[PDB]
Structure formats: structure tokens, C-alpha cells
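Okay, so here's just one chain, in C-alpha cells, the form deposited in one PDB entry.
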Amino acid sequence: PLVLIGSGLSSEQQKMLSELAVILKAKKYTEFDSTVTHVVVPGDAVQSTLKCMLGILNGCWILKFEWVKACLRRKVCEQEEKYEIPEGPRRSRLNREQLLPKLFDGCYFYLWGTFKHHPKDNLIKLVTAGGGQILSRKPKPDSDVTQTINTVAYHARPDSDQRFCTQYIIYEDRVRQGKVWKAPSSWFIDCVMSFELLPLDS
């Protein structure tokens, strides 16, 4: 059935969401897992929280808090389309509805060094949820261990090198050598929020 989760909600907001889960006869979780169907955000904006990002990568409804208010008001499951955060969340939801590849399908990620603002464990979860693969060893751009890989990234722009150069060294805040890019974790996060494989050339 329906499984609801809040992201960045205040005390009263979390209660209202609890009250709503009772009314719709749905689960309300505190921690995200793949069974989640709806993420409610406190305003009308997508947040760079783990919960929102995992919601986006899983193609969940990401909804304005007014949805909750409107639902309690009507005692009905309000058509979520009308309360959906536009851009990233909507694009990902439509992507899932069309049964298309996940955001990072065909992509590989090596997490370089330490991470103080976007914890490493969070990045790993996002890569996995987005259908990407974690590399345990730094990708050797000049080695045949790297250039012979056959994958393509579905979500790369039509004439991007990212369609076929799909390996990434992610570091905490030359851009490409062979099939491997170096990109800051801020780029990676921006990709999730936008549901786009954003250019590193542009």
C-alpha cells in the first residue's frame, strides 16, 4: 500500500503527517527504504537531504506539505500530481512510470579521499539507489582495465562524452582522462536534485 515519509518536517508537521497516515491507512516511516511511495517536503522546494534524494532516485512522489493539509481537510488521498515538486522529482517519477533506466545506470563511481559535508556512506547509498556502481579501486584511465568497458549512460545528454565516458572519481569540494571524469560531490548531489546527468564540460 502507501508508505509515507517526511523530510525536514517540524514537530507539528510530523504530527499532521502521522495523523494523515492514520486517515489514509498508510505506513509512516522515520527512515527511508525502497518501499517508500511518498516523501513530503516542508514547503514547496526539494531538499538536499538523504531522504529527499533517495526518494527522487527511487521515483517517489515528492510532495509539497500543502498536500498533507489538503488531504486532512478532505479526508481523501489527494491527487499527488497536483502537489508534486516540479523538475527533478517529477522527471524521475515519470522516468519510473515509463520503466526507464535509473539516473546513474551505466555509470561507475570511485569515492576519493574523505567527505566532511556529504558523508561517504550517504554517497554510496545514492550511487546504489540511482543504479550506479561503486568502484573499490581508483579507475586507471590509461589501462585496458578501463577503456574496454562497454557501458552507455542513458541519462547523458545526446552529444555528451558522458554517454560513453561513464566513470567518475568523486572528491569533496584536467576534468577528464580517457573514460574517467573527476567531479566534486556537489556536482553529484546537483545531479540527484535535478534528476539529470549534468555536464562537466558545460
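The first residue of the sequence shown is number 1, and the count goes up from there. For the two forms, the rigid core is made up of the largest set of C-alpha atoms that agree within 1.5 Å on superposition.
One more form of this protein, deposited in another entry, exists but is not displayed; see below.
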Inset, instruction - With the two forms aligned on their rigid core, point out which item of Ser136, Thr30, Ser34, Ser143 shifts its C-alpha by 2 Å or more between the shown form and the other one. - result: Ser143
Legend entry - Closer or farther in the other form, the Cα atoms of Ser143 and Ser136, when the shift from this form is 3 Å or more: closer
Legend entry - Comparison of CA distance in the other form with shown form for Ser186, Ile149, at least 3 Å: farther
